[PDB]
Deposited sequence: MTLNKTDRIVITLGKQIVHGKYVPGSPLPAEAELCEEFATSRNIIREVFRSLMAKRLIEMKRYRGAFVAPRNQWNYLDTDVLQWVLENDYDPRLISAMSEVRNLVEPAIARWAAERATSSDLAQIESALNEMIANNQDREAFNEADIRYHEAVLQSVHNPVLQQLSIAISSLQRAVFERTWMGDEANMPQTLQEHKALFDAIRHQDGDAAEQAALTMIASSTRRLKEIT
């Protein structure tokens, strides 16, 4: 009764998934590389704080998701590009408004966010790109 159901294959729409994954693999690894190149230690403190909150509050699926949002928001802010920031917010809003436990991959999820933070702190653009790509692939594999 909603047109989205009429134009998208239910549960698994491969073409939309591929379009989304292509856009994410373009934009988010670039964000990660620019964060590694531009984040200051005050930016790092905001990312690390949200990472620690994710680690600590991985039990209730509301305080963790609240801390996951702050992590990506701190990563995005460390790029210091308001246009890119709005674009990535639009991409993430579309992803959550179209796509459908999360505890079953909680250990892998925390490790991926730690690896992205470590690459950003190390100012390693290649490692940050790889961490972002891994996160997108793990998000897609669900």
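Asks: As a test: can you identify every run of the deposited sequence that has no C-alpha position in this structure, in order?
Replies: Gaps in the modelled chain, taken against the deposited sequence, lie at 1-78, 179-182, 225-229.
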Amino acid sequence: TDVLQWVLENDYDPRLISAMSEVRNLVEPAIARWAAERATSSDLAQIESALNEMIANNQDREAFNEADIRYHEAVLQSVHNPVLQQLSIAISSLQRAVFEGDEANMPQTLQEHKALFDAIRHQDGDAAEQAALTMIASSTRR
From here on, numbers count along this sequence of modelled residues.
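Asks: Mean C-alpha B factor from the entry: is it higher for 55-63 or for 28-36?
Replies: The stretch with the larger average C-alpha B-factor is 55-63.
Asks: Mean Cα B factor from the PDB record: higher for 131-139, or higher for 1-9?
Replies: Comparing averages over the C-alpha atoms only gives 1-9.
Asks: If you check the C-alpha B-factor for each of 47, 69, 90, 76 in the entry, which is highest?
Replies: Going by the entry's C-alpha B-factors, 69 comes out highest.
Asks: In this PDB entry, which of 86, 111, 41, 105 has the top CA B-factor?
Replies: Highest C-alpha B-factor among the listed residues goes to 105.
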